[PDB]
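So basically every Cβ, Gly included, is an ideal-geometry build from the backbone, and we count neighbours across all protein chains shown. No lab work stands behind these numbers, since they all come straight from the coordinates.
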Ligand SMILES: Nc1ncnc2c1ncn2[C@@H]1O[C@H](COP(=O)(O)OP(=O)(O)OP(=O)(O)O)[C@@H](O)[C@H]1O
């Protein structure tokens, strides 16, 4: 045979430090890693990011679009205009060819 | 611990230290003065 | 191709015309990148020779940084000069040969009829 | 070798190409090539074994014929025009014979059969010089006459070099032959573009040298000449695997490393002249050039092989061999792509 | 000032500050069309010198 | 200034250093024959230095603090386990044999580094030219599989011709019962349980192979016990040797130079021993090898090059 | 050339016997001296593609 | 963006200069903070997109991928913490450096303006992945897996370089804003159909198509975990992003050069989900599910409608989260049994009654649960395909059926049943690997609460 | 800051890259013309030196 070490058998953790969390062997490091994870991941990211994202105004110009739509249907139907004509541009400034 | 075979790099080579440091200093000095001279000549040729 | 350019000096790193170009800043991102390359060079030198890292050869590391920056300054100056020369000769040729580079006059999207390609 | 002899021989090696550059007469050009020839053989044959004798004989006998063919081209030009310079309005046969002989000198396919043999027959140094410094004057000839070469065999030879270098390095367990087939492929990339902005040929040359020299040093540090010998490097000197990996992945051109710049910009200037499908073939066989580098770097850096009992003595003792230029050349390769506009 | 095993906490904040400075430098570099776009093009207010910096 | 071509040109040549007793001299013999007691007095009388027999731990002693290391760093081998279990499946035998060949090889290299550097002579004992004896003994018994013999002889083929042989060899002979009783009166439970055919095959190997092929290049001085005692007579024989008939005569300053350079670098010395010939008795696997290498670089004095260890007490580390 | 070290220093190691109309040892004209001189004096300032 | 990728670079010295005992913690916390500061670029109060320089931009297609890439890093980093805990500290730190390099390069990809920047970065991503798969995989097939995963990509990507180079020589800029406003209709010749193929069959390999997917199971099955997270979460989406960017310069050829690929995607989606119905290996089951999902994204991008691009973005992000979650859930058992065979351990929910809820939610994400950004994507691309052709729902429905089947079968034959009483090594749980699943699922719930963000260029 | 910043910065970037495109194509056509005909500074391939001709009186008149 070729002189390798054998397989180290199945470790159990909770024998040593039964308050093990999943991070390290030192009981202090596990605590100050889980506190770090929980705090920095939940309490600031998943909270303040939700707040920031919820209090972003007019995301992609949505509320503005509704307000403009409202005033424009108002104007168009007050002044008897055809609401939302069937051609974006006017032929006043479009040149087609012949034949 | 205290080596049975005394190495080469036990004590420094203070010569190489001084040469390296003086060379770096001379490099930076020539660089800053050359930079000032080039800026001034750029402004002198291209006017202002 | 620019070797046969008239007045081209043979083996002249920085002709006197290049002194009319503006120099670099000395804070350029590429010169600090070269300093970073020198620092990593010293670090790798120490790693290869079974030495401490960020602790051992501070005179060597400083020398690496300075050599890299002090070379990159002049090499970048030369390259700036060469690209300046490129633009210079290109402008001169278009100005001498306008019949080949005519004053084109383009149209608007009202007069041209680009074809429609539905998705459907 | 005593010092007087080394001085003489290395001066001659340095002066061959230097005469070749700073000479307008093609005949002094030939003289420089012959100094490079003559002075190399002593150090090829220094260890005095049958492998070295065979390598030196093959080198000599292949390079002498190429030299005679170049001299024929030169003498035919002198008869035609009464000058010692390949002008325009020379004969394409003269120019093509010159190209053929120069390809035999470099080591390009289908004139490649001698380079891996010779390289295996000689130490790691004398492979470095043979693959880096001897390539510089023969390339200088072509660079000085680039608007006179036929753009057809220049590309067929490049394509053959690409294909054959890739396929040969696919199956070489010996490293001294891997380096040779890499040389063949990179000279192919050079020669393909040489009629098209020969500045890029010198770019690829400098990149190739800067990659190969530290690789040869890596092989020198433990006299590694085989995949199984370079695999015993996670024990002997394991601080080198990072640089070896990045250098191999630069050689087989991958983007974030500067060894992709020459292929990329070559493809650019070749697509600027409607040389499209040739560049496609070249770019698609560079992948096979990359495959055996990947196999190698598996074997040495990612899947650590079995070692021996006697390799612990190497761990007891200490080393001095890294010349402090391995670091600079390995880091200026593999990390200089963002400075590529200053390289071009 | 003993046993600074905690100075490394300045590297990432330093990176953030430096990145914000560089973005500031870039939008200083691109101060063209600053009030020349056909959409806004406002005349400067009585105490105004630049419109968005 | 590390030695090199520059030093040789400046004038640190070698032939200026040799005076008369600038001699590689090896004393050989069987397991207990009086080698150290004789070599020590030769070195005292003539002005050489004694280089004791290279065991499992010569690299450790000539490296670092110069202590013994745990047996998994200084090999994986035990001599006791060879005497009490010579036909193991665990290949302790050839592992030990090859480790000891490498240790004798480094020993000879250190010796030649000292000789050519200083001109001072060197007394060895049982050098790399006499290590095959124990291999042949093991292989005549069933203590080795033949592939290990090919491995050993290949490494020998690669390593031996690069070095110069000794000037003289001093093989002191003892019959097998005499050495066996001497072992009995030595005080070792493990050497006591060794056979007589092993010793007789050592003796046969010596007398048949090692003596004539070295008489083709060296001055042999075969003595016996009654002659091996009183080293002064052996010394007085060494003093009047005509050191002809060898390759030392055809050596220039530059041959000495390149030998001195090959010998100044122990990695080039031991490279051809670390070859990847994959015998199960010599291979140690990646997991175990990595564990050993890490645990070795986590020792005092190791983890960095010699001068660059502040945990020991080195200094000016930020300025080397 | 590749490295114009001669033009750098003004020397002429080889660039003065490049053709026939070039300093024969005693002033003996080579044949086609006039023709080569005239060709060369036409092809000066110009380079290559236009001189051809 | 610079304020996002400079701190990401500073995370590397933070690794190398910290203590061995205070390196996972610092880098994890600071990675969470990078993720936090990667929300400034969701401040889009307007229709015009966010250009910070000639280099960097950020559209509503870039930003979710950016945020997800910055957000995965802490999760990869904590999942990678049980294995390679007994590894030497330098080896740990090398793993960390590779993951951070992935983060940086992928952000640079999704933020890039030019296509060549995107190319060199899309290919630089190969080196960390290959190193992770090969040096830290547990089995011996990792080498062939790395070779496959590298060379499929390179084979596809060399033509991409050639086509980009052509486009530069033809137009001059290769920037995406200018190629948008200056795109000439194509003459519909073979010389342009080859261009279409060269531009597309690098991304289609990476997504992947069903004709070419053999790299993805071999890699997912053999990468340790974090490689699997990335390879399921954003490396596949790195092809969809590229298709959505590059298709604008290929009209009208996409109307007829897309039939083979839509068709391959649809039929091979059915084939892959049928494979998932019958597969001994759990880590392969997740992978074939990823193929069966990304095929819809292929077809959707080929159709090039607003609904379709939209649903593609939704499915991209949703699939990334839930697939990373499922790979974590399988790794949670693999760290104990050390077997990928699923029918080995089949009677959990006794010992792990809380992880068995994360399992359930991960599967319900996988199958079409309506209040979820998975079903929104799947439904909208189904509607796009029905508009395209009414006869595609016949295939999408078969997929829906099989996709309920294999997911519920996974849950049942892994959790439900009788406990394998011969497994004393089923340790209770890790707070770490519970927080993992929580951090994978809480985003899904939030994004379901507000999918206005998770749409793309078209909404 | 506001929308004007983004809008006008985009306009700046657009003029920059448009000008770059213009100049790249211009450089292509320039190199094409200079190489097809040596009217320009580039691609002026070397000719024999003029100053190394001997103009002195020879040994024969009809030199
Ligand atoms: N190459 C080898 N192979 C196997 N065993 C060896 C080898 N070399 C030495 N040994 C063992 O090491 C021991 C060394 O004893 P050695 O012959 O050196 O005695 P000594 O120390 O010289 O003094 P004395 O000869 O008086 O005992 C012996 O028992 C021998 O078997």
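Only helices (runs of 4 or more DSSP H) wholly contained in segment H:101-184 count here; list those with 3 or more residues that are out of contact with any strand residue (DSSP E or B) (no Cβ under 8 Å at 6 or more places or on another chain) and within 21 Å of residue I:24 (Cα to Cα).
H:115-124, H:142-170, H:176-181
Residue B:42 passes every criterion in (1) within 20 Å of the chain's Cα centre (by Cα); (2) more than 14 Å from chain F (Cβ to nearest Cβ); (3) surrounded by 14 or more Cβ atoms within 10 Å (Cβ to Cβ) apart from (1).
Here residue H:281 passes the criteria (1) in contact (Cβ under 8 Å) with a residue 24 or more places away in the chain; (2) more than 21 Å from residue H:195 (Cβ to Cβ); (3) surrounded by 18 or more Cβ atoms within 10 Å (Cβ to Cβ) except the one numbered (3).
Any residue at all in segment H:105-127 that's on the phi > 0 side of the Ramachandran plot and in contact (Cβ under 8 Å) with a residue 12 or more places away in the chain? Looking for residues that are on the phi > 0 side of the Ramachandran plot and in contact (Cβ under 8 Å) with a residue 12 or more places away in the chain, one finds none in segment H:105-127, hence no.
Mind checking which residues of segment D:20-49 are part of a helix (DSSP H, G or I), under 22 Å from the mean Cα position of the chain (by Cα) and without any contact (Cβ under 8 Å) to a residue 60 or more places away in the chain? Answer for segment D:20-49, where residues must be part of a helix (DSSP H, G or I), under 22 Å from the mean Cα position of the chain (by Cα) and without any contact (Cβ under 8 Å) to a residue 60 or more places away in the chain: D:30, D:31, D:34, D:35, D:37, D:38, D:39, D:41, D:42.
Of everything in segment A:59-82 that is surrounded by 10 or more Cβ atoms within 10 Å (Cβ to Cβ) and not in a helix (DSSP H, G or I), the residue that is farthest from the other protein chains (Cβ to nearest Cβ) is A:81.
Checking each residue in segment H:417-459 for being within 8 Å of chain A (Cβ to nearest Cβ), over 28 Å from residue H:371 (Cβ atoms) and either out of contact with any helix residue (DSSP H, G or I) (no Cβ under 9 Å at 6 or more places or on another chain) or surrounded by 15 or more Cβ atoms within 10 Å (Cβ to Cβ) (or both) picks out H:427, H:428, H:430, H:431, H:432. Checked against (1) under 16 Å from residue H:224 (Cα atoms); (2) buried (at least 20 other Cβ atoms within 10 Å of the Cβ); (3) within 14 Å of chain D (Cβ to nearest Cβ), residue H:141 meets all criteria but (2).
Taken over segment F:179-195, the criterion of being near the ligand (Cβ under 9 Å from one of its atoms) and more than 20 Å from residue F:87 (Cβ to Cβ) is satisfied by F:179, F:182, F:183, F:186, F:188. For residue B:10, the conditions (1) assigned to a helix (DSSP H, G or I); (2) surrounded by 13 or more Cβ atoms within 10 Å (Cβ to Cβ) all hold with the exception of (1). Residue check: residue I:26 meets all listed conditions (1) under 30 Å from residue D:145 (Cβ atoms); (2) loosely packed, with under 15 Cβ neighbours inside 10 Å; (3) at the interface with chain H (Cβ under 10 Å from one of its Cβ atoms) but one, namely (2).
Residue count for segment D:191-237 under the criterion of being closer than 30 Å to residue I:45 by Cα and not in a helix (DSSP H, G or I): the result is 5.
Scanning segment F:95-124 for residues that are within 14 Å of chain D (Cβ to nearest Cβ) and away from the ligand (no atom under 16 Å from the Cβ) turns up F:109, F:110, F:113. Only residues that are more than 16 Å from the ligand (Cβ to nearest atom) and touching a helix residue (DSSP H, G or I) at 6+ places or on another chain (Cβ under 7 Å): list them for segment F:66-80, please. Once the filter is applied, which keeps residues that are more than 16 Å from the ligand (Cβ to nearest atom) and touching a helix residue (DSSP H, G or I) at 6+ places or on another chain (Cβ under 7 Å), segment F:66-80 yields F:72, F:73. Do you know which residues across segment H:165-200 are in contact (Cβ under 8 Å) with a residue 40 or more places away in the chain, buried (at least 19 other Cβ atoms within 10 Å of the Cβ) and away from chain I (no Cβ under 14 Å)? Selection gives H:195, H:196, H:199, H:200.
It is to be established whether one or more residues within segment I:12-19 are within 8 Å of chain H (Cβ to nearest Cβ), under 14 Å from the mean Cα position of the chain (by Cα) and assigned to a helix (DSSP H, G or I). Taking every residue of segment I:12-19 in turn, none turns out to be within 8 Å of chain H (Cβ to nearest Cβ), under 14 Å from the mean Cα position of the chain (by Cα) and assigned to a helix (DSSP H, G or I).
If you filter segment D:299-323 down to residues that are more than 7 Å from chain F (Cβ to nearest Cβ) and in contact with a helix residue (DSSP H, G or I) (Cβ under 6 Å, 6 or more places away or on another chain), you find that the one that is farthest from residue H:135 (Cα to Cα) is D:321. If the condition is being assigned to a loop (DSSP other than H, G, I, E, B), in contact (Cβ under 8 Å) with a residue 40 or more places away in the chain and more than 9 Å from chain E (Cβ to nearest Cβ), then segment H:1-37 contributes H:20, H:23. Here F:267, F:274 are screened, and the one residue that is more than 16 Å from the ligand (Cβ to nearest atom), within 14 Å of chain D (Cβ to nearest Cβ) and in contact with a strand residue (DSSP E or B) (Cβ under 6 Å, 6 or more places away or on another chain) is F:274.
Do we find that residue D:217 is under 25 Å from residue D:331 (Cα atoms) and in contact with a helix residue (DSSP H, G or I) (Cβ under 7 Å, 6 or more places away or on another chain) in this structure?
The answer is yes for residue D:217.
Quick check on segment H:346-357. Is at least one of its residues farther than 18 Å from residue H:400 by Cβ, part of a helix (DSSP H, G or I), touching a residue at least 40 places away in the same chain (Cβ under 8 Å) and more than 21 Å from the chain's Cα centre (by Cα)? Yes.
For every residue, the table says whether it meets (1) within 10 Å of chain H (Cβ to nearest Cβ); (2) assigned to a loop (DSSP other than H, G, I, E, B); (3) on the phi < 0 side of the Ramachandran plot.
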| position | (1), (2), (3) |
| --- | --- |
| A:6 | no, yes, yes |
| A:10 | yes, yes, yes |
| A:21 | yes, yes, yes |
| A:44 | yes, no, yes |
| A:57 | yes, yes, yes |
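Considering only residues that are within 15 Å of the chain's Cα centre (by Cα), more than 13 Å from residue F:231 (Cβ to Cβ) and more than 7 Å from the ligand (Cβ to nearest atom), which ones fall in segment F:20-43? Passing the criteria: F:24, F:26, F:28. Just so you know, in segment F:44-65 the residues that are within 14 Å of another protein chain (Cβ to nearest Cβ) and under 24 Å from residue F:173 (Cα atoms) include one that is nearest to the ligand (Cβ to nearest atom), and it is F:55.
Residues of segment F:125-157 that are more than 11 Å from the ligand (Cβ to nearest atom), out of contact with any helix residue (DSSP H, G or I) (no Cβ under 6 Å at 6 or more places or on another chain) and away from chain D (no Cβ under 14 Å): F:129, F:141, F:142, F:145, F:146, F:147, F:150, F:153.
In segment C:81-89, the condition of being over 26 Å from residue D:331 (Cα atoms), in a loop (DSSP other than H, G, I, E, B) and within 14 Å of chain I (Cβ to nearest Cβ) is met by no residue.
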